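Peer 1: Those protein sequences? They're chains A and A', same order as listed. A prime marks a further copy of an entry chain.
Residues 3 to 43, 63 to 232 (the authors' numbering) are what the first sequence spells out, left to right.
Residues 3 to 43, 63 to 232 (the authors' numbering) are what the second sequence spells out, left to right.
There are 2 protein chains.
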Amino acid sequence: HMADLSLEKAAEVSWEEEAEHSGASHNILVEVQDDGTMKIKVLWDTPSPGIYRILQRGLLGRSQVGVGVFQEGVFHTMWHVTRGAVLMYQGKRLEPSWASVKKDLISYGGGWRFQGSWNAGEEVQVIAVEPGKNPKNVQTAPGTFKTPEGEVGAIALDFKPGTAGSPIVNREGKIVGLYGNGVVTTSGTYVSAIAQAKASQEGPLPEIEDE
Amino acid sequence: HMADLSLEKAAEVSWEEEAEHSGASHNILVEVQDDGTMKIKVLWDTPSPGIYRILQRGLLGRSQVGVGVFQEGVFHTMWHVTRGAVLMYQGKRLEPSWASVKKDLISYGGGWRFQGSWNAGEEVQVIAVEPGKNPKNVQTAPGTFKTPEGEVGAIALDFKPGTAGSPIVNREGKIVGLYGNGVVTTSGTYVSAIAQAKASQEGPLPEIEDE
Ligand SMILES: [Cl-]
Ligand SMILES: [Cl-]
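As structure tokens, then:
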């Protein structure tokens with residue numbers, strides 16, 4: 003309590019054609035042809070879109086507890102990072118609007134906005150915003166993990182504590198999930214879910230009398 | 003919300019005479035003498070004392086979001102790990118009792134119990150309980166960082182995300198602080214505070230009429 007969390011912009015969301023690859027392995031789509039060719043295949066009154074550090078003020082200064090993304094006026098991060106705490110941005114209180122403890126996700130100022138859906142076999146990029154480091158794109162080939170309610174992509178990459186909430190993007194620069202909700206395998210490997218919810222939409226119209 | 007956090011015992015608190023040392027450097031107290039010698043110097066109804074993983078249940082199973090310590094019936098962890106969330110242990114709800122956002126600390130079921138105070142120049146051990154790994158003692162020589170309200174010990178050691186709340190102990194096996202509230206230096210080095218509060222004590226006696 004005590005509006006102890008604040009936000010600070012760090013980067014914009016995009017795919018980087020050349021970013022470092024990391025992982026024990028690579029998934030590469032090859033196209034083979036008959037001909038014998040083989041080929042490798063206005064200022065808006067809204068928070069600036071992008072990636073932000075989430076910062077908790079104590080005695081040592083501001084420590085980064087996680088990362089989130091503004092997209093269409095809505096701030097998206099992980100449930101475990103904020104547990105619904107108000108977030109200060111430009112002296113304004115941001116209140117939580119929607120949360121999924123199961124998927125480990127939370128949005129502030131509206132419903133989930135991300136539309137990306139990861140396609141098995143494709144490589145993705147995590148835009149890792151580690152405490153005290155410049156943003157960095159990391160290309161990786163996710164596996165899948167088998168859950169109730171469907172199958173989920175799963176990334177085997179280790180980042181510093183505080184990196185949870187960094188977005189995962191596909192080749193069009195669309196966000197397919199957030200990184201940082203994971204488990205550790207018996208062989209000692211950390212794997213993060215590609216955490217993603219359906220984009221929200223308008224319900225039926227209400228009315229009222231409270232002026 | 004939804005008692006999504008639970009605890010699981012992982013280890014007991016002790017100094018390990020031989021544990022691995024880690025860090026760019028070592029602080030070693032030498033005693034020199036006149037003689038020319040030089041020398042290197063009942064079951065209780067209370068949660069079992071020790072170190073516990075803090076686990077959040079989602080779709081991938083139980084992910085470790087932090088670590089804390091039971092001592093004298095009180096559970097001690099970091100504020101950023103739970104932000105005051107109820108904790109489930111053996112089907113019982115544990116409610117938070119005291120918290121310090123500035124020191125990044127929280128206790129459940131009573132006031133802070135730890136009595137250890139780190140002494141400049143001494144080496145300490147972090148009992149690192151990393152997600153999916155066995156507990157491990159790590160000996161390190163803390164530096165100091167200069168803050169308001171006094172000087173704080175500061176440890177330059179990197180552990181996996183989820184390790185915050187692991188206790189730091191002195192040579193007598195007394196807890197001098199918890200690891201995992203830190204900042205990152207311009208050279209890219211992570212340093213954690215030795216986070217510690219004064220042990221609590223009984224106040225003046227009240228009375229009442231609410232039977
Ligand atoms: Cl909507
Ligand atoms: Cl007390």
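Virtual Cβ for every residue (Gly too), placed ideally from N, Cα, C.
Any idea what DSSP makes of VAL102(A'), helix, strand or coil?
Peer 2: helix
Peer 1: Quick check on residue 1(A'): does DSSP put it in helix, strand or coil?
Peer 2: Here chain A' comprises residues numbered 3 to 232, so residue 1(A') is not present and cannot be evaluated.
Peer 1: In the DSSP assignment, find the unbroken beta strand (DSSP E) run with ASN158(A) in it and report its ends.
Peer 2: 157-161
Peer 1: Could you tell me the boundaries of the beta strand (DSSP E) in which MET109(A') lies?
Peer 2: Per DSSP, the continuous beta strand (DSSP E) segment holding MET109(A') begins and ends at 108-110.
Peer 1: Determine, using beta carbons only, whether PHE135(A') comes closer than 8 angstroms to chain A.
Peer 2: no
Peer 1: Are the Cβ atoms of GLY137(A) and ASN191(A) separated by less than 8 angstroms?
Peer 2: Yes; because the gap between Cβ atoms is below 8 angstroms, this pair is in contact.
Peer 1: Between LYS154(A) and chain A', is there a C-beta pair that is closer than 8 angstroms?
Peer 2: yes
Peer 1: Decide if the stretch 178-196 of chain A is in contact with the stretch 77-90 of chain A; the criterion is three or more beta carbon pairs, one per stretch, under 8 angstroms apart.
Peer 2: Yes: at least three Cβ pairs fall under 8 angstroms.
Peer 1: I'd like the span of the beta strand (DSSP E) that includes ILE148(A'), first residue to last.
Peer 2: 145-149
Peer 1: Select from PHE166(A'), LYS167(A') and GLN146(A') the residue whose C-alpha is nearest the C-alpha of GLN160(A').
Peer 2: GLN146(A')
Peer 1: Have a look at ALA216(A') and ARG114(A) and give me their C-alpha separation to the nearest angstrom.
Peer 2: Straight-line Cα distance between these residues: approximately 28 angstroms.
Peer 1: Could you pull the DSSP bridge partners for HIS97(A') from this structure?
Peer 2: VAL90(A') and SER128(A')
Peer 1: Residue range of the beta strand (DSSP E) that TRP119(A) falls in?
Peer 2: 117-121
Peer 1: Which residues have their C-beta within less than 6 angstroms of a heavy atom of ligand 1, listed in chain order?
Peer 2: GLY131(A), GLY132(A), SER221(A), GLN222(A) and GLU223(A)
Peer 1: Can you check whether the CB of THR165(A') is closer than 8 angstroms to the CB of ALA141(A')?
Peer 2: yes
Peer 1: Given a limit of 9 angstroms on CB to CB distance, which residues of the stretch 101-128 of chain A' reach chain A?
Peer 2: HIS101, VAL102, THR103, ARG104, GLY105, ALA106, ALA120, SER121, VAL122, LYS123, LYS124 and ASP125
Peer 1: Can you tell me which of the three DSSP states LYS181(A) falls into?
Peer 2: coil
Peer 1: Relative to the C-alpha of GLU33(A'), which candidate in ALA177(A'), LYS43(A'), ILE72(A') and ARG74(A') has its C-alpha closest?
Peer 2: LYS43(A')
Peer 1: Strictly below 8 angstroms CB to CB, what residues from chain A' border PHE166(A)?
Peer 2: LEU81
Peer 1: So, is the C-beta of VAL204(A) closer than 8 angstroms to a C-beta in chain A'?
Peer 2: Closer than 8 angstroms to some Cβ of chain A', the Cβ of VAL204(A) qualifies, so yes.
Peer 1: Under three-state DSSP, which class holds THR165(A)?
Peer 2: strand
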